[PDB]
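In structure tokens, the next block holds one chain alone, the form solved without ligand ZGK.
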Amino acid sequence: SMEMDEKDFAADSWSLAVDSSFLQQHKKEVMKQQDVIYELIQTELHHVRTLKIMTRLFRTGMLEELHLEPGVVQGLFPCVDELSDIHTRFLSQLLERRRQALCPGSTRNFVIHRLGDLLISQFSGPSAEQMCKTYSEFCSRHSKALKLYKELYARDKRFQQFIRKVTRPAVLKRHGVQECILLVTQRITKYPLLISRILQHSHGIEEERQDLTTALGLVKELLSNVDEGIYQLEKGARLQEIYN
């Protein structure tokens, strides 16, 4: 993550992020809405960061410091470049919508009124088709990625050396290889929960309540299609095992 963004999303809530004299000017319903929107962007920032740990710290470090086939590293980190692009673009759209809403002379005070539109573009048409295909691909290679990490950590001492080395910082406490993989699989199922609580406090403008209602339906349609597309791969599976 970049320092500018980490500080903007450092507080526990939107109520604590904005200046108290700016908070005082708003209705309770708006503060509640803003709190859930701020949580959606704050968790998306953490998600993108998790994927940078997988691409720049783990994936690239293994290529630059170890002697493993590029196929081994690809099995440990399936779809990470595609997932990183999908979410870095989503995060850019969310952060820009917040920036546009900032009061002049302030870098912390804002209110996001439109959001449903951005959520409809992300979870509909071509962009949703690529994200859906990417998550069915990732989740079908999730178990195999885990067994491959465990096989390498117990048979390779240099891979083990590398792991103990790059995961030593305290900031990486909950971000080991297997943790990053489950963090990514769990991300998609978080969106409906956050979107439903944002919609719960967005009944003031009917265009917005309708946009968020459409967005809730689109993420659930996406999820159902990713869930249907999963067929788990096994490390060293036989053809007979598959066609049965």
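From 1 onward, residues are counted along the sequence shown. Between two forms, the rigid core is defined as the largest C-alpha subset superposing within 1.5 Å.
Displacement analysis by core superposition in 9 other deposited structures of this protein ranks 63 to 71 above the other of 63 to 71 and 199 to 207 in root-mean-square C-alpha distance from the shown form. With 211 to 219 and 189 to 197 compared on mean CA B-factor from the PDB entry, the stretch scoring higher is 211 to 219. When the mean C-alpha temperature factors of 163 to 171 and 68 to 76 are read from the deposited coordinates, 68 to 76 comes out higher. The residue among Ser202, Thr43, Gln34, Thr50 whose C-alpha atom has the highest B-factor in the PDB entry is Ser202. When all modelled residues of the chain are sorted by CA temperature factor, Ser127 is found within the highest third. In this PDB entry, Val18 carries a Cα temperature factor that places it within the middle third of its chain's modelled residues. The entry lists a Cα temperature factor for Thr60 that places it in the highest third of the chain's modelled residues. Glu96: CA B factor in the lowest third of modelled residues in this chain (values from the PDB entry). The PDB entry assigns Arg89 a C-alpha temperature factor belonging to the lowest third of its chain's modelled residues.
Omitted from view is the form deposited with ligand ZGK bound, to which the following refers.
Contact annotation: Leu172 falls outside 4.5 Å of ligand ZGK in the deposited bound form, judged by heavy atom distances. Ligand ZGK is not drawn, but in the deposited bound form it has no heavy atom within 4.5 Å of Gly71. Under a 4.5 angstroms non-hydrogen atom cutoff, ligand ZGK in the deposited bound form has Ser106 among its neighbouring residues. The partner is not shown here, but in the deposited bound form the stretch 21 to 42 reaches within 4.5 angstroms of ligand ZGK through a heavy atom at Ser21, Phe22, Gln25.
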